[PDB]
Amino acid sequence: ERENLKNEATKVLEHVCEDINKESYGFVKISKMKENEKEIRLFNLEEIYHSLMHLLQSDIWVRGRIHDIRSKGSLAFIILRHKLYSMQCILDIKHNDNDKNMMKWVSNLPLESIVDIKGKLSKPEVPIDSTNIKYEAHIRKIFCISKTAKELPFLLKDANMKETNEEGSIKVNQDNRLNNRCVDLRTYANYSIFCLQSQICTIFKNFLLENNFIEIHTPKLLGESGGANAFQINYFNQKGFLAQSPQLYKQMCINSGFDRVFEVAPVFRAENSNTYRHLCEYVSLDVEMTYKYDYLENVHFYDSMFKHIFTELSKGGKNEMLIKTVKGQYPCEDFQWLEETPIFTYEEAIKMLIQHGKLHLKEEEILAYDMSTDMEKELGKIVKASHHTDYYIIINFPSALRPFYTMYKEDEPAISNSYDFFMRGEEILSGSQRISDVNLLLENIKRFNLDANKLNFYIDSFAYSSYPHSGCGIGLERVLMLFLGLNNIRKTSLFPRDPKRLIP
């Protein structure tokens, strides 16, 4: 009937190993991975890469995901992957007792399955280009502790590929990647992107901690309020909102005597506007601090904070490899900055734009001009050409274009003591000297047609004195996207939220 032959070969493909002491292959439960009633010294590819670029003397155990597997008759080639490390492993069954069933079982493993391999490492004449570990494991044993259960939504070979203008080049589009984000995050570049994101949080916090800041956590469930862009929730039959920013609370912390504070936390913004550059939820980096007599003391401090961030991102083996891996798939010129950061007034920036023919305004209607986002990018091109930098500062915005807490110039009330920082022509930071006089604050709140009653907890925090202070807010994802030159904010947010995407 020739059916028994198929059922037997199926038992081979599904083989469960009951004793890794007496067998060389199979699916195995984690609790059975004991060799001689003892525990296995198990390596990952990261350790292997550091030591090699003792475990060359004899057989070792190594764990990883099956990135790729190529069957070639009596040979089979496995690429193992861990993070951004990979290594070719070789099963040569003319070297394993002509166990053809073991080869049948190995060839049948689906991509991404997790295996523990026992084998010998050695260096080959011509190492594989794709693998950054230049040794190979010769497989003595291979057991699968987790088998892929389902066809992948797309192949990693395709998702890892640079921009495709070539014949037969398959792209994986944004919607597909984000709907299958846990597969998309396995590309080398995406892995590197979020290691770099972590790296920015780390450098940010450590710089501020070294300058005597304390970290704060302030609430995101608010009771009142730019109400236009605020998500609403029912807070126990009370009318509540999600924080668009920790603004009010970080200031209240300075009014309490904390002197220097920072927060790393989500904020929530209901901008019904699908763009490549904003999200409805993002991680905000917030700083608030006192100054002595000049708010430029703090500006120059914020500036050296970003020069330190850029310097650390661009220094050392680890950060060098992460950036290179991103650039392999998403090429872009290295981010440039100067020893002295260029600073331009809003008024100077306009005149540069009028002078380069990018902007036309009647000599009356200059103060009221609200520079567009496209125009800010035109300004960046100009400053890149004339100052050879991707990073500069704009100060002294018109008070009418800034929020109500922004201190204006005493002797020129239409100008404010405010500032934006730019990376590749796009805003990464916004801040200002604060109004720290209760009566001025009350006046400016009235002058903005705002309800002082819904702000009195905040207003009242200024009524028992208030140090001179300033602050800024920073988009983490935006800093990472613009440092690397990526085309979309969704590339630097783990599970992006926009007005059409609530899932994953």
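When you see a residue number, it is the position in the sequence shown, counting from 1.
A chain break between residue 53 and residue 54 is present, corresponding to 10 or more residues of the deposited sequence without coordinates. The gap between residue 225 and residue 226 holds 1 to 3 unmodelled residues of the deposited sequence.
Comparing 181-189 with 380-388, the stretch with the higher mean C-alpha B-factor in the PDB entry is 380-388. Mean CA temperature factor is higher for 157-165 when stretches 423-431 and 157-165 are set side by side in the entry. As recorded in the entry, 358 carries the highest CA temperature factor of 358, 269, 82, 72. Highest CA B-factor among the listed residues (286, 112, 215, 370): 370.
Among all modelled residues in this chain, the alpha-carbon of residue 500 has a temperature factor (C-alpha) in the middle third. Among all modelled residues in its chain, residue 175 ranks in the middle third by Cα B-factor.
Sort the modelled residues of the chain by CA B factor and residue 16 lands in the middle third. In the PDB entry, a CA B factor belonging to the lowest third of its chain's modelled residues is recorded for residue 61.
Per-chain ranking of the deposited C-alpha B factor places residue 35 in the highest third.
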